[PDB]
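Participant: kindly generate the corresponding structure for this input.
(chains A, B, C and D)
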Amino acid sequence: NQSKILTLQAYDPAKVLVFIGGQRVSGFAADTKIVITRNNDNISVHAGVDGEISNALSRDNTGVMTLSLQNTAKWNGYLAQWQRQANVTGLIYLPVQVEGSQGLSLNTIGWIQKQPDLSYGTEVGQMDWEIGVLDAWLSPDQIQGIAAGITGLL
Amino acid sequence: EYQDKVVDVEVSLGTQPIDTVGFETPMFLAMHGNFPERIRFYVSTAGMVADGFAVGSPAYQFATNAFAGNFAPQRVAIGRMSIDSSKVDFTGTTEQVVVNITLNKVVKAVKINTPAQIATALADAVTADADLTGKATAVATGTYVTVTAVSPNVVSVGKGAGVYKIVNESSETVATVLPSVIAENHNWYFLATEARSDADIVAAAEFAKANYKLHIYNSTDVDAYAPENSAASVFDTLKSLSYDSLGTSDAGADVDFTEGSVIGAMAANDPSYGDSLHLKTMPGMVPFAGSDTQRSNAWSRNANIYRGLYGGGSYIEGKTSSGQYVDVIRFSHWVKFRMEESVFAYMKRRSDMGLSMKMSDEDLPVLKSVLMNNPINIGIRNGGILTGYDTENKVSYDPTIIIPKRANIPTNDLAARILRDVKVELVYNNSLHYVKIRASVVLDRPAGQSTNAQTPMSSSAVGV
Amino acid sequence: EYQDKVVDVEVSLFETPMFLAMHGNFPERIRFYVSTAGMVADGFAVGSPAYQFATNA
Amino acid sequence: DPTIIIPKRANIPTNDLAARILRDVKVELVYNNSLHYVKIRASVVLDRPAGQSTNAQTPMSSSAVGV
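Facilitator: Residues are numbered from 1 along each chain as shown, chains lettered A, B, ... in the order given. Here you go:
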């Protein structure tokens, strides 16, 4: 057996596009751009004494989308001003979209949950904004779909 | 050029688009006069009917069957032969008979309500239509009605409702026509014929082997599953000649031309996977109704049969006339075509910049990489080509490539400027066709097993 | 010598002994074969002593 | 699920880059349906209804006999 290349193209971080309200975000941090995590488990399990197993689905799809930006980036001002604008007017929701380069994507509504701490030091600082998401289901954008009707059994 | 709206939307209700797939376009050699060209390409039955083809006509049936497969192509090639007349045979039994006939862009559906009486009534009804009489002709005889078009008019006749045959007669022979057809376009892979005489089928089979095409035919014959000693069918005829052609028996092969279903289950299947046809489902075909002995006879004659199992329909055994599996033939053709295409594409690009290839040891070896790209590697990735070490024979399956050196090339080839003796080797994989299981059941308490804990020895030591 | 195709593919799925057989399949007192396929083309009946010797060798 | 597709720059013919107009954007949708007509099947019993079958097995899906 010979080793196989898992993809034809190369994963390019610059190809990952983040659209918050219809504008592209720029000025990201060094290591990680964005992290998406679900708040709660998908399926719960109830185990009886005799061994009977029953499960119930979870309808809580809220999640948190970390966003790292350099403190010198101009987008810090946009989010800071929008925070107060929403606080005064009362409108906090805005569309959020993420395009993957060689992975999953995301397209839902979101809001600003917490403002990151600010620290000034010898080197350029970093700010990790937290953006909520109404639904944290990562959707594919590939040829997937012809095999989902094959894995099905039982 | 001028757009009156910055944004416009066309709301199509119900319909949906389909993606563009790569495939091999089939060719159906039909006899008619709807267009002058020897061969045309259609993308849907709508275009064929727009060209004067009558609904239910052979070409229409073939196209609608081909476009309904899971691997159906997106183009169909329709050949053209001369046409002398056509027949509507009512041999058999039948309550309402409807025959769709189109004459010179004029579409009509004659109607009628013992076969001879039905044929005579239909012939009389045809003459009742003044338009048909002026431009077309009809005559009754026995159980069939013969219709002929007046010379400057084109008539197309197709099935409506009821039980009957539609047979078209033509003076042109397939052997004479195919050499002209191939001249206009060689861009097709599958070969099919409307005429179902033994001579036409044999001629098509002989032509296909010479011109590297795949031949398909449905026989609708009853001797196809006669006892093994009865070597009198076309299937047995082809065996003696060692020809290759995917032939199968059926019941509607001369009312629907079910070659379309097979092509649609074969067109968009990439040979690189070695994906046999064993159990592929095909719409349109009808299950084989014979008993076990008939199936055994058909298998002995290499006549494939469509069988229904557990509620569905399934092809079986995908065998050809010569006995070799169709999968192997397709794989061999795929390798033969694509190795050549890859090498030619590299050579042309290398000579289009100047610096054309030269016969020397310092430039020849690049053919190894050129060939290891394209087929030899795609086949391994998709599983068609086998690799690894064999434990039984103690041999390896690794693909091999050998290139001769300049010192070994005879002087004559340096004048002819052609290289020879390049060698390649491959090992083909195999699908799974049949499985046999051995079960066991226990009723009482099973007997206690042996309590030996030693590691089982391999073989007896006693040997001299 | 015309070659209609730029690239074509087929996709096709030491000391020497001497055996003094008795036969009349060719006039020469000796001949050289590279396999039993060449022998049968000369009319050698399968299982004949010369064919057996060649196939064993 | 609704679907949206957008073509890439490499697939846009050169002519449209001069006309500066994009084409081939595709969207799909599935429309719901209201309820218009309903048909009911009632039944009435007069005497004592007959005793029902006392089978307690889980109803099997389909016959096993198939070749």
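Participant: up against chain D, what does chain B have?
Facilitator: Residues of chain B found near chain D (Cβ under 8 Å from any Cβ of the partner chain) are B:1, B:3, B:16-17, B:309-311. All C-beta spots, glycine's among them, are computed from the backbone N, C-alpha and C.
Participant: contacts with chain A among those, please.
Facilitator: Among the residues of chain B next to chain D, proximity to chain A is found for none (Cβ under 8 Å from any Cβ).
Participant: for the residues you listed, which one is nearest residue A:24?
Facilitator: Nearest to residue A:24 among these: residue B:3, at 27.8 Å, using Cβ to Cβ.
Participant: so that closest one touches residue D:21, yeah?
Facilitator: Yes: with contacts counted by Cβ atoms under 8 Å, residue B:3 reaches residue D:21, the gap being 6.6 Å.
Participant: for stretch B:80-88, list every residue counted as buried.
Facilitator: Using 16 or more other Cβ atoms under 10 Å in any protein chain shown as the test for burial, stretch B:80-88 gives B:80-81, B:83, B:86-88.
Participant: let's see which of those end up in strands.
Facilitator: Among the buried residues of stretch B:80-88, the ones falling in strands (DSSP state E) are B:86-88.
Participant: okay, now residue B:301: neighbour count?
Facilitator: Counted with other Cβ atoms under 10 Å in any protein chain shown, the neighbours of residue B:301 add up to 23.
Participant: hang on, the earlier thing: so which of the residues of chain B next to chain D comes closest to chain A?
Facilitator: Nearest to chain A out of those is residue B:16 (Cβ to the nearest Cβ; 14.5 Å).
Participant: list the contacts of that closest one.
Facilitator: Residue B:16 is in contact with residue D:28, counting by Cβ atoms under 8 Å, 6 or more residues apart in numbering or on different chains.
Participant: so the residue in chain A positioned nearest to chain D versus chain C, what's the distance?
Facilitator: Going by Cβ to the nearest Cβ, chain D is nearest to residue A:139 of chain A, at 8.7 Å. Distance, residue A:139 to chain C, by Cβ to the nearest Cβ, to the nearest Å: 43 Å.
Participant: and what of residue B:283?
Facilitator: Distance from residue B:283 to chain C, by Cβ to the nearest Cβ: 31 Å.
Participant: contacting residues for that residue?
Facilitator: Taking Cβ under 8 Å, 6+ apart, we find residue B:283 in contact with B:65, B:68-69, B:261, B:264.
Participant: could you redo the last one with a cut-off of 6 Å?
Facilitator: For residue B:283, the contact set (Cβ atoms under 6 Å, 6 or more residues apart in numbering or on different chains) comprises residue B:68.
Participant: what parts of chain A come near chain D?
Facilitator: With the criterion set to Cβ under 6 Å from any Cβ of the partner chain, chain A never comes near chain D.
Participant: spatially central residue in chain A, please.
Facilitator: The centroid of chain A falls nearest to residue A:36 when counting by Cα atoms, centre = their mean (3.4 Å).
Participant: what kind of secondary structure is that residue in?
Facilitator: Using DSSP: H, G, I helix; E, B strand; the rest coil, the structure places residue A:36 in strand.
Participant: for it, give the beta-bridge partners.
Facilitator: residue A:65 (DSSP bridges).
Participant: can you count the residues close to residue A:80?
Facilitator: 13.
Participant: that one and residue A:115, how far apart?
Facilitator: Residue A:80 is 8 Å from residue A:115, where distance means Cβ to Cβ, to the nearest Å.
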